[PDB]
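A.B. asks: This is the structure I want to talk about, given as structure tokens.
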Protein chains: 2
Amino acid sequence: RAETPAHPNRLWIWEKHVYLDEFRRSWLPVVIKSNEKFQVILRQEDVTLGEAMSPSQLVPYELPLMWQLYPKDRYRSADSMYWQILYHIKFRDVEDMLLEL
Amino acid sequence: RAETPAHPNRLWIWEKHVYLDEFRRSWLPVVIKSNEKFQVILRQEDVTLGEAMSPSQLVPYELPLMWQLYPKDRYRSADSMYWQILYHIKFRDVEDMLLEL
């Protein structure tokens with residue numbers, strides 16, 4: 001039930017639905033709470049999915065196509081916004097990431 | 001001579017020096033250019049094949065077990081490496097692609 005040190009470097013968007021990193025590790029956004037700053041819980045999920053799909057065939061989105069880890073552990077949105085890392089925890093063979101833009 | 005735009009989304013290692021894609025197409029590495037990093041010539045031409053090889057089976061390769069195409073522009077190797085597919089073409093029904101680290 002503890003947090004995860006090592007953080008992914010990049011979170012490409014695969015599907016609307018699905019993000020992939022450099023460890024070929026699928027992450028899915030499952031909730032997007034909002035009040036000023038929204039927050040996305042990307043749960044690591046198995047796949048059993050494919051076909052790297054385009055922005056074009058994506059496309060209107062609340063979340064960036066890309067997510068780039070910066071020197072200070074902030075994630076930067078493909079559209080120049082910055083997202084704080086809220087946690088990279090794990091709860092019973094369940095590994096989630098919650099980003100707060 | 002013939003720039004082709006839809007390149008394989010997934011290179012699988014069938015054996016040593018034999019890859020396949022989603023299409024069950026044959027891709028053949030003939031040259032690797034150790035310039036300072038890797039340059040890999042891949043060329044299509046189907047070869048009759050049965051039981052694929054195991055990674056152990058194909059032994060510690062020059063090449064990877066699998067390349068998988070990311071939305072970014074590039075193929076991720078089974079090793080967190082990325083490869084610049086610098087060209088995809090055909091010279092008289094002759095498919096060629098170049099992959100570099």
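Residue numbers start at 1 in each chain; chains themselves are named A, B, ... in the order of the structure tokens; ligands are numbered from 1 in the order shown.
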Show me a table, sorted first by chain and then by increasing residue number, of the residues of chain B having an atom at most 9 Å from chain A, each with its shortest atom pair and the distance in Å to one decimal, counting only C-alpha atoms and written as CSV.
C.D. replies:
residue,atom,partner,partner_atom,distance
B:9,CA,A:51,CA,7.0
B:10,CA,A:51,CA,9.0
B:69,CA,A:52,CA,6.9
B:70,CA,A:52,CA,6.0
B:71,CA,A:52,CA,5.2
B:72,CA,A:12,CA,7.4
B:76,CA,A:22,CA,7.7
B:78,CA,A:24,CA,8.4
B:79,CA,A:23,CA,7.9
B:80,CA,A:22,CA,5.6
B:81,CA,A:22,CA,8.1
B:82,CA,A:22,CA,8.8
A.B. asks: Quick one: residues within 8 Å of residue 3 of chain B, only C-alpha atoms counted, chain neighbours fewer than 2 positions away excluded, as a ChimeraX atom specification?
C.D. replies: /B:1,5,87-90
A.B. asks: Put those residues in a file: N, CA and C atoms, as a PDB file, in the first residue's frame.
C.D. replies:
ATOM      1  N   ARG B   1      13.063   6.175 -54.285  1.00  0.00           N
ATOM      2  CA  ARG B   1      12.440   5.821 -55.549  1.00  0.00           C
ATOM      3  C   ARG B   1      10.935   5.618 -55.390  1.00  0.00           C
ATOM      4  N   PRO B   5       4.360   5.141 -46.862  1.00  0.00           N
ATOM      5  CA  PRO B   5       3.935   5.909 -45.695  1.00  0.00           C
ATOM      6  C   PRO B   5       3.404   5.093 -44.532  1.00  0.00           C
ATOM      7  N   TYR B  87      13.973   5.688 -43.149  1.00  0.00           N
ATOM      8  CA  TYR B  87      13.321   5.648 -44.470  1.00  0.00           C
ATOM      9  C   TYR B  87      12.522   4.357 -44.673  1.00  0.00           C
ATOM     10  N   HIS B  88      11.456   4.476 -45.448  1.00  0.00           N
ATOM     11  CA  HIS B  88      10.600   3.392 -45.901  1.00  0.00           C
ATOM     12  C   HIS B  88      10.374   3.484 -47.406  1.00  0.00           C
ATOM     13  N   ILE B  89      10.834   2.493 -48.172  1.00  0.00           N
ATOM     14  CA  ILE B  89      10.683   2.628 -49.623  1.00  0.00           C
ATOM     15  C   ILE B  89      10.574   1.302 -50.365  1.00  0.00           C
ATOM     16  N   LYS B  90      10.470   1.434 -51.685  1.00  0.00           N
ATOM     17  CA  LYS B  90      10.402   0.315 -52.603  1.00  0.00           C
ATOM     18  C   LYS B  90      11.151   0.643 -53.892  1.00  0.00           C
TER      19      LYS B  90
END
A.B. asks: Present chain A as a JSON list (two decimals) with C-alpha atoms, in the first residue's frame, least-squares fitted onto chain B over all of its C-alpha atoms paired in order.
C.D. replies:
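Once written, selection.json looks like this:
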[["chain", "number", "residue", "atom", "x", "y", "z"],
["A", 1, "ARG", "CA", 11.40, 3.98, -56.20],
["A", 2, "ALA", "CA", 9.38, 5.92, -53.61],
["A", 3, "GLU", "CA", 8.90, 5.63, -49.85],
["A", 4, "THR", "CA", 5.99, 3.92, -48.10],
["A", 5, "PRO", "CA", 3.55, 5.88, -45.96],
["A", 6, "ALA", "CA", 1.79, 3.24, -43.85],
["A", 7, "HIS", "CA", 4.19, 1.79, -41.32],
["A", 8, "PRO", "CA", 3.92, -1.57, -39.56],
["A", 9, "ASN", "CA", 2.82, -1.37, -35.91],
["A", 10, "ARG", "CA", 4.87, -4.22, -34.49],
["A", 11, "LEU", "CA", 8.00, -6.10, -35.58],
["A", 12, "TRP", "CA", 8.27, -9.27, -33.52],
["A", 13, "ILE", "CA", 11.48, -11.27, -33.95],
["A", 14, "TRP", "CA", 10.77, -14.66, -35.50],
["A", 15, "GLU", "CA", 14.21, -16.09, -36.12],
["A", 16, "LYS", "CA", 17.55, -14.43, -35.30],
["A", 17, "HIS", "CA", 17.52, -13.62, -38.96],
["A", 18, "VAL", "CA", 13.82, -12.82, -39.43],
["A", 19, "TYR", "CA", 11.17, -10.37, -38.18],
["A", 20, "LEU", "CA", 7.39, -10.60, -38.55],
["A", 21, "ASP", "CA", 4.77, -7.89, -38.17],
["A", 22, "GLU", "CA", 0.99, -7.82, -37.71],
["A", 23, "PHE", "CA", 0.42, -8.05, -41.46],
["A", 24, "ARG", "CA", 2.16, -11.44, -41.31],
["A", 25, "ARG", "CA", 4.79, -9.68, -43.43],
["A", 26, "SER", "CA", 8.33, -10.98, -43.07],
["A", 27, "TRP", "CA", 11.11, -8.44, -42.80],
["A", 28, "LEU", "CA", 14.76, -9.50, -42.70],
["A", 29, "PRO", "CA", 17.64, -7.48, -41.28],
["A", 30, "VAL", "CA", 20.39, -7.68, -43.90],
["A", 31, "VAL", "CA", 22.96, -5.08, -42.79],
["A", 32, "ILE", "CA", 23.97, -3.52, -39.45],
["A", 33, "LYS", "CA", 26.26, -0.49, -39.97],
["A", 34, "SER", "CA", 27.70, 1.19, -36.86],
["A", 35, "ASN", "CA", 29.53, 4.35, -35.80],
["A", 36, "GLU", "CA", 27.74, 5.30, -32.55],
["A", 37, "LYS", "CA", 24.27, 4.44, -33.69],
["A", 38, "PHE", "CA", 23.93, 1.26, -35.71],
["A", 39, "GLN", "CA", 21.42, 0.89, -38.55],
["A", 40, "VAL", "CA", 19.48, -2.13, -39.77],
["A", 41, "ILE", "CA", 18.03, -2.52, -43.27],
["A", 42, "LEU", "CA", 15.05, -4.85, -42.91],
["A", 43, "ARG", "CA", 14.09, -5.95, -46.40],
["A", 44, "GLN", "CA", 10.62, -7.42, -46.88],
["A", 45, "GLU", "CA", 11.22, -11.01, -47.99],
["A", 46, "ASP", "CA", 9.03, -14.02, -48.82],
["A", 47, "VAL", "CA", 8.48, -17.00, -46.59],
["A", 48, "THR", "CA", 8.48, -20.06, -46.67],
["A", 49, "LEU", "CA", 9.68, -20.18, -43.07],
["A", 50, "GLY", "CA", 8.15, -21.09, -39.71],
["A", 51, "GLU", "CA", 8.34, -22.20, -36.09],
["A", 52, "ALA", "CA", 8.00, -19.13, -33.87],
["A", 53, "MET", "CA", 11.33, -19.37, -32.05],
["A", 54, "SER", "CA", 11.97, -18.13, -28.48],
["A", 55, "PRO", "CA", 14.33, -15.48, -27.09],
["A", 56, "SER", "CA", 16.07, -18.27, -25.20],
["A", 57, "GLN", "CA", 16.66, -20.16, -28.43],
["A", 58, "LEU", "CA", 17.75, -16.91, -30.08],
["A", 59, "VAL", "CA", 19.38, -15.00, -27.93],
["A", 60, "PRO", "CA", 22.49, -12.74, -27.72],
["A", 61, "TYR", "CA", 21.49, -9.99, -30.09],
["A", 62, "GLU", "CA", 22.37, -6.61, -31.61],
["A", 63, "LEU", "CA", 18.68, -6.10, -32.38],
["A", 64, "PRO", "CA", 15.62, -6.34, -30.12],
["A", 65, "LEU", "CA", 13.26, -9.28, -30.03],
["A", 66, "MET", "CA", 10.47, -6.73, -30.40],
["A", 67, "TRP", "CA", 9.92, -3.41, -32.16],
["A", 68, "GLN", "CA", 6.93, -1.29, -31.13],
["A", 69, "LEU", "CA", 5.78, 1.75, -33.09],
["A", 70, "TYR", "CA", 5.13, 4.66, -30.70],
["A", 71, "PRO", "CA", 2.73, 7.65, -30.99],
["A", 72, "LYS", "CA", 5.48, 9.68, -32.66],
["A", 73, "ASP", "CA", 6.58, 7.11, -35.30],
["A", 74, "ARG", "CA", 9.68, 6.21, -33.32],
["A", 75, "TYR", "CA", 10.23, 2.47, -32.92],
["A", 76, "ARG", "CA", 10.88, 1.27, -29.40],
["A", 77, "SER", "CA", 13.23, -1.62, -28.82],
["A", 78, "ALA", "CA", 12.13, -4.50, -26.56],
["A", 79, "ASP", "CA", 14.89, -3.23, -24.24],
["A", 80, "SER", "CA", 13.50, 0.31, -23.92],
["A", 81, "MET", "CA", 15.77, 1.93, -26.52],
["A", 82, "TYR", "CA", 14.25, 4.05, -29.28],
["A", 83, "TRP", "CA", 14.88, 3.60, -33.00],
["A", 84, "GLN", "CA", 14.24, 6.30, -35.55],
["A", 85, "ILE", "CA", 12.56, 5.45, -38.83],
["A", 86, "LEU", "CA", 15.04, 6.51, -41.51],
["A", 87, "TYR", "CA", 12.86, 5.40, -44.39],
["A", 88, "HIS", "CA", 10.18, 2.91, -45.49],
["A", 89, "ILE", "CA", 11.00, 3.18, -49.18],
["A", 90, "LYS", "CA", 10.56, 0.90, -52.15],
["A", 91, "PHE", "CA", 12.92, 0.36, -55.07],
["A", 92, "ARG", "CA", 11.67, -1.85, -57.91],
["A", 93, "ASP", "CA", 9.39, -4.41, -56.25],
["A", 94, "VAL", "CA", 11.82, -4.24, -53.30],
["A", 95, "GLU", "CA", 10.56, -2.83, -50.00],
["A", 96, "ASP", "CA", 13.08, -1.88, -47.33],
["A", 97, "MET", "CA", 13.07, -0.24, -43.90],
["A", 98, "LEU", "CA", 16.16, 1.30, -42.37],
["A", 99, "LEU", "CA", 16.09, 1.88, -38.62],
["A", 100, "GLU", "CA", 18.68, 4.03, -36.83],
["A", 101, "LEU", "CA", 18.97, 3.47, -33.07]]
A.B. asks: Among chain A, which ones does DSSP place in strand (DSSP E), written as a count of residues only?
C.D. replies: 37
A.B. asks: Based on the backbone DSSP call, show me all residues of segment 20-87 of chain B assigned helix (DSSP H, G or I), as a list in words.
C.D. replies: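 Of segment 20-87 of chain B, only residues 55, 56, 57 and 58 of chain B fall in helix (DSSP H, G or I).
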A.B. asks: Those selected residues, please, written with C-alpha atoms and delivered as a compact mmCIF listing (two decimals), in the first residue's frame.
C.D. replies:
# COMPACT_ATOMS: atom_id res chain seq x y z
CA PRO B 55 14.24 -15.20 -27.11
CA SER B 56 16.60 -17.60 -25.36
CA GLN B 57 16.32 -19.70 -28.51
CA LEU B 58 17.38 -16.87 -30.83
